[PDB]
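Novice: Contents of protein_38.tsv (TSV, C-alpha atoms and all ligand atoms) are below:
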```tsv
chain	number	residue	atom	x	y	z
A	1	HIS	CA	0.00	0.00	0.00
A	2	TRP	CA	0.63	3.68	-0.68
A	3	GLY	CA	3.24	5.76	1.19
A	4	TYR	CA	6.14	8.17	0.62
A	5	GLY	CA	8.83	5.82	-0.68
A	6	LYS	CA	10.27	5.67	-4.22
A	7	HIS	CA	8.00	2.78	-5.01
A	8	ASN	CA	4.73	3.77	-3.45
A	9	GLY	CA	5.05	7.61	-3.07
A	10	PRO	CA	3.30	10.71	-4.57
A	11	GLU	CA	4.35	10.05	-8.14
A	12	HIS	CA	2.58	6.68	-8.07
A	13	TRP	CA	-0.64	7.61	-6.34
A	14	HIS	CA	-2.47	8.52	-9.55
A	15	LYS	CA	-2.63	4.90	-10.62
A	16	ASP	CA	-5.01	3.97	-7.79
A	17	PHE	CA	-6.37	7.47	-7.17
A	18	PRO	CA	-6.70	9.22	-10.59
A	19	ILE	CA	-8.00	12.38	-8.94
A	20	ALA	CA	-4.27	12.88	-8.04
A	21	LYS	CA	-4.10	14.67	-11.43
A	22	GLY	CA	-7.41	16.56	-10.81
A	23	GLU	CA	-8.37	20.14	-11.14
A	24	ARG	CA	-8.10	21.26	-7.49
A	25	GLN	CA	-5.32	19.19	-5.87
A	26	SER	CA	-3.27	20.22	-2.83
A	27	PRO	CA	-0.84	21.29	-1.68
A	28	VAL	CA	0.14	24.23	-3.87
A	29	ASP	CA	2.82	26.85	-3.90
A	30	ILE	CA	1.50	30.18	-2.55
A	31	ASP	CA	2.92	32.98	-4.79
A	32	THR	CA	2.57	35.86	-2.38
A	33	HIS	CA	2.77	38.47	-5.08
A	34	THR	CA	-0.08	36.93	-7.14
A	35	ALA	CA	-2.38	36.35	-4.05
A	36	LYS	CA	-4.97	39.07	-3.94
A	37	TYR	CA	-6.43	40.65	-0.81
A	38	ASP	CA	-10.11	39.80	-0.62
A	39	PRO	CA	-12.30	42.35	1.13
A	40	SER	CA	-15.26	39.87	0.90
A	41	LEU	CA	-13.59	37.62	3.55
A	42	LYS	CA	-15.32	37.83	6.96
A	43	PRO	CA	-13.30	37.68	10.18
A	44	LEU	CA	-11.86	34.12	10.90
A	45	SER	CA	-13.09	32.58	14.17
A	46	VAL	CA	-11.18	29.68	15.73
A	47	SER	CA	-13.09	28.64	18.88
A	48	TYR	CA	-11.21	25.82	20.63
A	49	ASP	CA	-12.10	26.42	24.30
A	50	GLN	CA	-14.36	23.40	24.41
A	51	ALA	CA	-12.10	21.05	22.38
A	52	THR	CA	-12.12	17.49	23.70
A	53	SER	CA	-9.10	15.47	22.67
A	54	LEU	CA	-9.27	11.66	23.00
A	55	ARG	CA	-6.39	9.67	21.52
A	56	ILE	CA	-3.21	9.84	19.46
A	57	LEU	CA	-2.68	7.26	16.71
A	58	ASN	CA	0.32	6.35	14.51
A	59	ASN	CA	-1.43	5.45	11.26
A	60	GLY	CA	1.71	4.44	9.38
A	61	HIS	CA	1.73	7.83	7.46
A	62	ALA	CA	1.68	10.44	10.23
A	63	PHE	CA	0.12	10.64	13.77
A	64	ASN	CA	-3.39	11.88	14.34
A	65	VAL	CA	-4.54	13.60	17.51
A	66	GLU	CA	-8.25	12.80	17.51
A	67	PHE	CA	-11.11	14.79	19.08
A	68	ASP	CA	-14.67	14.02	20.21
A	69	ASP	CA	-16.74	15.66	17.43
A	70	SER	CA	-20.09	14.34	18.58
A	71	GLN	CA	-21.15	17.79	20.01
A	72	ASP	CA	-20.54	21.41	18.84
A	73	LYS	CA	-17.22	21.95	20.69
A	74	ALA	CA	-14.15	23.09	18.77
A	75	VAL	CA	-15.22	25.01	15.70
A	76	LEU	CA	-13.92	27.03	12.85
A	77	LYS	CA	-16.06	29.62	11.10
A	78	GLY	CA	-15.87	32.92	9.25
A	79	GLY	CA	-13.17	33.85	6.74
A	80	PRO	CA	-14.08	32.14	3.49
A	81	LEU	CA	-16.38	29.62	5.19
A	82	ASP	CA	-20.10	29.45	5.01
A	83	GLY	CA	-21.44	28.09	8.25
A	84	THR	CA	-19.64	26.09	10.95
A	85	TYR	CA	-16.93	23.51	10.73
A	86	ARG	CA	-16.13	21.07	13.56
A	87	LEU	CA	-12.59	19.92	14.52
A	88	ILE	CA	-12.11	16.16	14.15
A	89	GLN	CA	-8.32	15.70	14.23
A	90	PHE	CA	-4.93	17.26	13.65
A	91	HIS	CA	-1.73	15.85	12.21
A	92	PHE	CA	1.60	17.01	10.79
A	93	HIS	CA	3.83	16.55	7.85
A	94	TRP	CA	7.63	16.93	8.27
A	95	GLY	CA	11.05	16.40	6.73
A	96	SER	CA	14.20	14.32	7.29
A	97	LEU	CA	16.08	17.73	7.49
A	98	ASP	CA	14.97	21.17	8.64
A	99	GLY	CA	15.18	22.46	5.04
A	100	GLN	CA	12.08	20.51	3.89
A	101	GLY	CA	8.85	19.06	5.34
A	102	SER	CA	5.96	21.37	4.59
A	103	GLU	CA	3.37	20.58	1.91
A	104	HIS	CA	2.42	24.10	1.00
A	105	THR	CA	5.29	26.34	0.09
A	106	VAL	CA	5.47	30.19	0.18
A	107	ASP	CA	7.25	31.64	-2.88
A	108	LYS	CA	8.77	28.11	-3.26
A	109	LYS	CA	10.11	28.15	0.38
A	110	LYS	CA	9.69	24.87	2.23
A	111	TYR	CA	9.21	24.98	5.98
A	112	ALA	CA	10.45	22.23	8.33
A	113	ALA	CA	6.90	20.96	8.95
A	114	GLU	CA	3.22	21.80	8.56
A	115	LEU	CA	0.35	21.26	10.93
A	116	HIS	CA	-3.20	20.43	9.61
A	117	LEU	CA	-6.24	20.98	11.83
A	118	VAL	CA	-9.06	19.18	10.02
A	119	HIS	CA	-12.67	20.25	10.36
A	120	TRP	CA	-15.96	19.12	8.71
A	121	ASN	CA	-18.95	21.16	7.64
A	122	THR	CA	-21.73	20.56	10.20
A	123	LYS	CA	-24.39	20.89	7.44
A	124	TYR	CA	-23.34	17.37	6.31
A	125	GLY	CA	-23.92	15.42	9.51
A	126	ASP	CA	-20.47	13.87	9.96
A	127	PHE	CA	-17.09	13.66	8.30
A	128	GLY	CA	-17.95	10.71	6.10
A	129	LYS	CA	-20.87	12.56	4.36
A	130	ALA	CA	-18.77	15.81	4.33
A	131	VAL	CA	-16.10	14.16	2.10
A	132	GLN	CA	-18.77	13.58	-0.52
A	133	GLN	CA	-19.19	17.38	-0.92
A	134	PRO	CA	-17.10	20.12	-2.55
A	135	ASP	CA	-17.30	22.25	0.64
A	136	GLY	CA	-17.20	19.40	3.10
A	137	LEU	CA	-13.92	20.19	4.85
A	138	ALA	CA	-11.89	23.18	6.08
A	139	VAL	CA	-8.20	22.55	6.93
A	140	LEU	CA	-6.28	25.13	8.93
A	141	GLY	CA	-2.66	24.85	7.89
A	142	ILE	CA	0.15	26.17	10.07
A	143	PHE	CA	3.85	26.18	9.13
A	144	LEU	CA	6.57	25.16	11.59
A	145	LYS	CA	10.10	26.55	11.58
A	146	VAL	CA	12.96	25.48	13.77
A	147	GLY	CA	13.97	27.93	16.49
A	148	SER	CA	12.53	28.40	20.01
A	149	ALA	CA	10.54	25.49	21.47
A	150	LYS	CA	6.76	25.64	21.27
A	151	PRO	CA	5.51	24.86	24.74
A	152	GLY	CA	2.06	23.76	23.66
A	153	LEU	CA	3.64	21.15	21.39
A	154	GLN	CA	5.64	19.44	24.06
A	155	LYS	CA	2.88	17.16	25.41
A	156	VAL	CA	2.56	15.77	21.85
A	157	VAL	CA	6.32	15.24	21.64
A	158	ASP	CA	6.44	13.48	24.99
A	159	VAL	CA	3.83	10.82	24.06
A	160	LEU	CA	5.50	9.86	20.74
A	161	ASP	CA	7.76	7.21	22.16
A	162	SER	CA	4.56	5.31	23.14
A	163	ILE	CA	3.21	5.27	19.55
A	164	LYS	CA	6.47	4.58	17.72
A	165	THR	CA	5.06	2.17	15.18
A	166	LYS	CA	2.08	1.84	12.82
A	167	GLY	CA	-1.18	0.88	14.52
A	168	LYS	CA	-0.17	2.02	17.98
A	169	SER	CA	-2.31	4.50	19.90
A	170	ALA	CA	-2.30	6.18	23.32
A	171	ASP	CA	-4.75	8.11	25.43
A	172	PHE	CA	-4.47	11.75	24.68
A	173	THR	CA	-7.15	13.47	26.70
A	174	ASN	CA	-7.05	17.10	27.96
A	175	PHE	CA	-4.84	18.48	25.21
A	176	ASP	CA	-5.50	22.11	24.27
A	177	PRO	CA	-4.93	22.78	20.54
A	178	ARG	CA	-4.90	26.57	21.23
A	179	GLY	CA	-1.24	26.06	22.13
A	180	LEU	CA	-0.33	25.23	18.54
A	181	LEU	CA	-1.51	28.55	17.02
A	182	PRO	CA	0.66	31.58	16.14
A	183	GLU	CA	-0.36	35.07	17.38
A	184	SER	CA	-1.78	36.28	14.05
A	185	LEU	CA	-4.65	34.73	12.07
A	186	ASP	CA	-3.63	36.39	8.79
A	187	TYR	CA	-4.08	33.72	6.09
A	188	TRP	CA	-4.26	32.66	2.48
A	189	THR	CA	-7.19	30.57	1.24
A	190	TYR	CA	-7.99	28.51	-1.83
A	191	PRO	CA	-10.12	25.44	-2.75
A	192	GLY	CA	-8.18	22.18	-2.79
A	193	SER	CA	-8.03	18.63	-1.63
A	194	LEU	CA	-6.84	16.09	0.98
A	195	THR	CA	-3.07	15.66	0.51
A	196	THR	CA	-2.94	11.88	0.97
A	197	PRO	CA	-5.08	9.26	-0.76
A	198	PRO	CA	-7.98	9.32	-1.37
A	199	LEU	CA	-7.02	12.92	-2.39
A	200	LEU	CA	-10.70	14.02	-2.34
A	201	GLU	CA	-11.50	17.57	-3.58
A	202	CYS	CA	-13.48	18.70	-0.56
A	203	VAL	CA	-11.27	21.17	1.23
A	204	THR	CA	-11.32	24.92	1.80
A	205	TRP	CA	-7.67	25.50	2.73
A	206	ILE	CA	-6.88	28.30	5.22
A	207	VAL	CA	-3.04	28.56	5.50
A	208	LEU	CA	-1.80	30.93	8.18
A	209	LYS	CA	0.97	33.33	7.14
A	210	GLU	CA	2.77	33.38	10.52
A	211	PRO	CA	4.69	30.14	11.22
A	212	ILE	CA	5.08	28.78	14.69
A	213	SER	CA	8.57	28.12	16.06
A	214	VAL	CA	9.39	24.64	17.40
A	215	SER	CA	12.78	23.51	18.71
A	216	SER	CA	15.20	21.37	16.86
A	217	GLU	CA	14.73	18.78	19.65
A	218	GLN	CA	10.95	18.73	19.18
A	219	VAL	CA	11.20	18.04	15.42
A	220	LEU	CA	14.04	15.51	15.92
A	221	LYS	CA	11.60	13.52	18.08
A	222	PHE	CA	8.98	13.52	15.30
A	223	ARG	CA	11.71	11.95	13.15
A	224	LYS	CA	12.12	9.01	15.55
A	225	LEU	CA	8.68	7.67	14.70
A	226	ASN	CA	8.33	4.70	12.31
A	227	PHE	CA	6.24	4.09	9.20
A	228	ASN	CA	6.64	0.36	9.85
A	229	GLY	CA	4.75	-1.75	12.40
A	230	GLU	CA	6.19	-3.32	15.53
A	231	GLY	CA	8.64	-6.06	14.83
A	232	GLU	CA	9.23	-4.91	11.19
A	233	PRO	CA	12.48	-3.37	9.76
A	234	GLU	CA	12.78	0.28	10.83
A	235	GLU	CA	11.80	2.84	8.23
A	236	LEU	CA	11.85	6.21	9.97
A	237	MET	CA	8.70	8.35	9.56
A	238	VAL	CA	10.26	11.31	7.79
A	239	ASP	CA	9.44	13.14	4.55
A	240	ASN	CA	5.73	12.37	4.74
A	241	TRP	CA	4.81	15.40	2.63
A	242	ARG	CA	3.28	15.63	-0.82
A	243	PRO	CA	4.95	18.27	-3.04
A	244	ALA	CA	3.18	21.26	-4.57
A	245	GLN	CA	0.63	20.45	-7.30
A	246	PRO	CA	-0.47	22.53	-10.31
A	247	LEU	CA	-2.63	25.54	-9.41
A	248	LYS	CA	-4.80	25.12	-12.48
A	249	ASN	CA	-7.83	27.38	-12.60
A	250	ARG	CA	-7.53	28.64	-9.05
A	251	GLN	CA	-6.85	31.91	-7.27
A	252	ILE	CA	-5.30	32.28	-3.85
A	253	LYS	CA	-6.85	35.00	-1.78
A	254	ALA	CA	-5.26	36.87	1.14
A	255	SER	CA	-7.02	37.90	4.26
A	256	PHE	CA	-4.68	40.85	4.84
A	257	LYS	CA	-3.27	43.85	2.96
B	301	LIG	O1	5.99	5.56	3.44
B	301	LIG	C1	6.55	4.51	3.11
B	301	LIG	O2	5.78	3.48	3.05
B	301	LIG	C2	7.97	4.37	2.80
B	301	LIG	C3	8.54	3.12	2.45
B	301	LIG	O3	7.72	1.99	2.41
B	301	LIG	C4	9.88	2.98	2.15
B	301	LIG	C5	10.71	4.10	2.21
B	301	LIG	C6	10.23	5.38	2.53
B	301	LIG	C7	8.89	5.46	2.84
B	301	LIG	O4	8.36	6.66	3.13
B	302	LIG	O1	-16.26	10.62	11.66
B	302	LIG	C1	-17.08	10.08	10.94
B	302	LIG	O2	-18.27	10.17	11.30
B	302	LIG	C2	-16.66	9.36	9.80
B	302	LIG	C3	-15.27	9.21	9.48
B	302	LIG	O3	-14.30	9.79	10.31
B	302	LIG	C4	-14.89	8.46	8.37
B	302	LIG	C5	-15.84	7.84	7.54
B	302	LIG	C6	-17.21	7.94	7.81
B	302	LIG	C7	-17.61	8.73	8.91
B	302	LIG	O4	-18.92	8.90	9.21
B	303	LIG	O1	-5.16	13.84	3.54
B	303	LIG	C1	-5.81	14.49	4.35
B	303	LIG	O2	-5.72	15.75	4.37
B	303	LIG	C2	-6.68	13.79	5.23
B	303	LIG	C3	-7.35	14.51	6.23
B	303	LIG	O3	-7.10	15.84	6.28
B	303	LIG	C4	-8.30	13.89	7.01
B	303	LIG	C5	-8.55	12.53	6.96
B	303	LIG	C6	-7.87	11.79	5.97
B	303	LIG	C7	-6.95	12.43	5.13
B	303	LIG	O4	-6.33	11.70	4.14
B	304	ZN	ZN	-2.16	16.77	6.19
```
Would you mind writing the file's structure down as structure tokens?
Ligand SMILES: O=C(O)c1c(O)cccc1O
Ligand SMILES: O=C(O)c1c(O)cccc1O
Ligand SMILES: O=C(O)c1c(O)cccc1O
Ligand SMILES: [Zn+2]
Specialist:
Amino acid sequence: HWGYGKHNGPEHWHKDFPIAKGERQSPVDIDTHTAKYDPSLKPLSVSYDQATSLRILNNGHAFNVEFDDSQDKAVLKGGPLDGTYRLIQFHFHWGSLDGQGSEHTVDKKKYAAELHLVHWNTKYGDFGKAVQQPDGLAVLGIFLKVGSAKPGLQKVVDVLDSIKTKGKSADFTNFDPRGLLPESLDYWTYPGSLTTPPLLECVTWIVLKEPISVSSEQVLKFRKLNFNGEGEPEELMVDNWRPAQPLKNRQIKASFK
């Protein structure tokens, strides 16, 4: 099955998932000079006070921190979004070196990692019906650079050694995702897709301009995870990013002048 290796990575995915060569695939490069400020964008609202985290899972591609989405609790609204979107999970993508790791790029610059907070449109009942719709999902994307440690990331880092291999999970209650946000909510937005198979074209992307800073030690611990399962040869979980895809007939809009 699919992955990030030479033999099963991004350049192969189109054979099982033809939408890989679709009209609104992600990630993309954000050309900051071509992005236009959009005065029609409403204020973004990220309301995480009631977020209820449950569990952290190594899925053999990344780790997911999963939330209880059975009530209206951690929601994203405003900006380009119509209505209310409910947080279901977050995960990251990162490199084998600090010079690469993000999926979106900014004027071709790769960050060391990228965080995705995934939300589904509450008009559609749950996530599974939301991914049948062209406005089913909203993903808040946040770049990570290497510098000072991010304190609100450390409880994630400290549980990783308990989910080293594919299929492992751990309790991960009482985690506050507010600690992963930068100060500013300035963002770029465009319509795109999931970035791993099944690559579905359901996502309103909201990519924050301000990166968060994490320490070298925090990202080095991400790189100790494994793609493999327990007992199998070690293949370190690094470089689990899809590169930029053609923009096609899309415009990237800025929330800021
Ligand atoms: O993601 C993977 O499945 C993978 C491999 O199976 C082998 C090397 C690198 C890699 O990312
Ligand atoms: O969360 C859900 O309700 C869900 C999924 O997370 C995946 C598939 C179907 C579905 O309803
Ligand atoms: O690729 C993704 O972006 C993705 C999600 O964001 C949520 C669930 C599955 C998935 O592949
Ligand atoms: Zn992702």
Novice: Excluding residue 22 (chain A) and its own-chain neighbours fewer than 5 positions away, which residues fall within 12 Å of it when counting all atoms listed in the file? Please give them as a PDB file with C-alpha atoms, in the frame of the given file.
Specialist:
```
ATOM      1  CA  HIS A  14      -2.470   8.520  -9.550  1.00  0.00           C
ATOM      2  CA  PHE A  17      -6.370   7.470  -7.170  1.00  0.00           C
ATOM      3  CA  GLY A 192      -8.180  22.180  -2.790  1.00  0.00           C
ATOM      4  CA  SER A 193      -8.030  18.630  -1.630  1.00  0.00           C
ATOM      5  CA  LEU A 194      -6.840  16.090   0.980  1.00  0.00           C
ATOM      6  CA  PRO A 198      -7.980   9.320  -1.370  1.00  0.00           C
ATOM      7  CA  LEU A 199      -7.020  12.920  -2.390  1.00  0.00           C
ATOM      8  CA  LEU A 200     -10.700  14.020  -2.340  1.00  0.00           C
ATOM      9  CA  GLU A 201     -11.500  17.570  -3.580  1.00  0.00           C
ATOM     10  CA  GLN A 245       0.630  20.450  -7.300  1.00  0.00           C
ATOM     11  CA  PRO A 246      -0.470  22.530 -10.310  1.00  0.00           C
ATOM     12  CA  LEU A 247      -2.630  25.540  -9.410  1.00  0.00           C
ATOM     13  CA  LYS A 248      -4.800  25.120 -12.480  1.00  0.00           C
ATOM     14  CA  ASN A 249      -7.830  27.380 -12.600  1.00  0.00           C
TER      15      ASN A 249
END
```
Novice: Could you check the closest approach to ligand LIG 303 (chain B) for each of A:202, A:159, A:113, A:149 and tell me which residue wins, using all atoms listed in the file?
Specialist: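 Residue with the minimum atom-to-atom distance to ligand LIG 303 (chain B): A:202.
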Novice: Using 9 Å as the limit and counting all atoms listed in the file, can you tabulate each residue of region 18-112 of chain A that touches region 123-136 of chain A, with its shortest atom-to-atom distance in Å and the two atoms involved, as CSV?
Specialist:
```
residue,atom,partner,partner_atom,distance
A:69,CA,A:126,CA,8.5
A:70,CA,A:126,CA,8.6
A:81,CA,A:135,CA,8.7
A:82,CA,A:135,CA,8.9
A:83,CA,A:123,CA,7.8
A:84,CA,A:123,CA,7.9
A:85,CA,A:123,CA,8.6
A:88,CA,A:127,CA,8.1
```
Novice: Have a look at A:98, A:168, A:197, A:238 and name the one nearest to residue 19 (chain A); count all atoms listed in the file.
Specialist: A:197
Novice: Could you tell me how far CA of residue 76 (chain A) sits from CA of residue 48 (chain A), in Å to one decimal place?
Specialist: 8.3 Å
Novice: Excluding residue 210 (chain A) and any residue of its chain fewer than 2 positions from it, enumerate the residues within 8 Å of it, using all atoms listed in the file, and give them as a PyMOL selection string.
Specialist: chain A and resi 142-143+182-186+208+212
Novice: To one decimal place in Å, what is the distance between CA of residue 158 (chain A) and CA of residue 146 (chain A)?
Specialist: 17.7 Å
Novice: Around all the atoms of region 44-48 of chain A listed in the file, with 5 Å of room on each side, what axis-aligned box do you get, giving centre and edge lengths in Å to one decimal, as JSON?
Specialist:
```
{"center_x": -12.1, "center_y": 30.0, "center_z": 15.8, "size_x": 11.9, "size_y": 18.3, "size_z": 19.7}
```
Novice: To check your reading of the model: which residues sit at most 12 Å from ligand LIG 303 (chain B) when counting all atoms listed in the file? Write the answer as a ChimeraX atom specification.
Specialist: /A:2-3,20,25-27,59,61-66,87-93,103,114-120,127-128,130-131,136-141,192-205,240-242
Novice: Within 9 Å of ligand LIG 301 (chain B), which residues show up when you count all atoms listed in the file? List them as a VMD selection string, please.
Specialist: chain A and resid 1 to 9 60 to 61 227 to 228 235 to 240
Novice: Print the selection's residues with C-alpha atoms to a file, as an mmCIF file, keeping the file's coordinate frame.
Specialist:
```cif
data_model
loop_
_atom_site.group_PDB
_atom_site.id
_atom_site.type_symbol
_atom_site.label_atom_id
_atom_site.label_comp_id
_atom_site.auth_asym_id
_atom_site.auth_seq_id
_atom_site.Cartn_x
_atom_site.Cartn_y
_atom_site.Cartn_z
ATOM 1 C CA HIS A 1 0.000 0.000 0.000
ATOM 2 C CA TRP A 2 0.630 3.680 -0.680
ATOM 3 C CA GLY A 3 3.240 5.760 1.190
ATOM 4 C CA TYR A 4 6.140 8.170 0.620
ATOM 5 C CA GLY A 5 8.830 5.820 -0.680
ATOM 6 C CA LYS A 6 10.270 5.670 -4.220
ATOM 7 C CA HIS A 7 8.000 2.780 -5.010
ATOM 8 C CA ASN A 8 4.730 3.770 -3.450
ATOM 9 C CA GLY A 9 5.050 7.610 -3.070
ATOM 10 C CA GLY A 60 1.710 4.440 9.380
ATOM 11 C CA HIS A 61 1.730 7.830 7.460
ATOM 12 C CA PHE A 227 6.240 4.090 9.200
ATOM 13 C CA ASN A 228 6.640 0.360 9.850
ATOM 14 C CA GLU A 235 11.800 2.840 8.230
ATOM 15 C CA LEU A 236 11.850 6.210 9.970
ATOM 16 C CA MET A 237 8.700 8.350 9.560
ATOM 17 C CA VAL A 238 10.260 11.310 7.790
ATOM 18 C CA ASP A 239 9.440 13.140 4.550
ATOM 19 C CA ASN A 240 5.730 12.370 4.740
#
```
Novice: Compare A:188, A:79, A:220, A:96 by their minimum atom-to-atom distance to residue 43 (chain A), counting only C-alpha atoms, and give me the closest one.
Specialist: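 Closest to residue 43 (chain A) of all the choices is A:79.
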Novice: Which residue is closest to ligand ZN 304 (chain B)? Choose from A:229, A:243, A:167, A:99 and count only C-alpha atoms and all ligand atoms.
Specialist: A:243
Novice: Between CA of residue 121 (chain A) and CA of residue 47 (chain A), what is the distance in Å, rounded to a tenth?
Specialist: 14.7 Å
Novice: Have a look at A:50, A:122, A:105, A:45 and name the one nearest to ligand LIG 302 (chain B); count only C-alpha atoms and all ligand atoms.
Specialist: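 Closest to ligand LIG 302 (chain B), using only C-alpha atoms and all ligand atoms: A:122.
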Novice: Given all atoms listed in the file as the basis, pick out the residue of A:251, A:49, A:154, A:211 nearest to residue 176 (chain A).
Specialist: A:49
Novice: Could you pull the residues within 12 Å of residue 35 (chain A), counting all atoms listed in the file, minus those fewer than 4 positions along the same chain, as JSON, numbers by chain?
Specialist: {"A": [29, 30, 31, 106, 107, 187, 188, 189, 190, 250, 251, 252, 253, 254, 255, 256, 257]}
Novice: List the spatial neighbours of residue 179 (chain A) as number ranges by chain - criterion: any atom at most 9 Å away, only C-alpha atoms, same-chain residues fewer than 5 positions off excluded.
Specialist: A: 150-153
Novice: Need the shell around residue 230 (chain A): protein/DNA/RNA residues with any atom at most 9 Å away, counting all atoms listed in the file. Skip same-chain ones fewer than 4 positions apart. Format as an NGL selection string?
Specialist: :A and (164-168 or 226 or 234)
